[PDB]
């Protein structure tokens, strides 16, 4: 059960960025974002995930203010966690 503030499917930014809470049901391969092979990309290893926001598998994403993403999700703004 997703948190009340989870990013959902008719969120306009989620649609534009092709977010899915489950990276295995994402188009990460098509996008081929740089930094890691696409099959290795998900929110946990993304620069925009906020480790101090949320709880458990439901964490912040800087791009979705006031909401939570799933650590096992993906979107097209995936960028390697570099610092």
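Residue numbers count along the first chain shown, from 1.
- For residue 67, the recorded CA B-factor ranks within the highest third of the chain. Only modelled residues enter the ranking.
- In this PDB entry, residue 5 carries a Cα temperature factor that places it within the highest third of its chain's modelled residues.
- Among all modelled residues in its chain, residue 51 ranks in the highest third by Cα B-factor.
- Residue 44 sits in the middle third of its chain by CA B factor, as recorded in the PDB entry.
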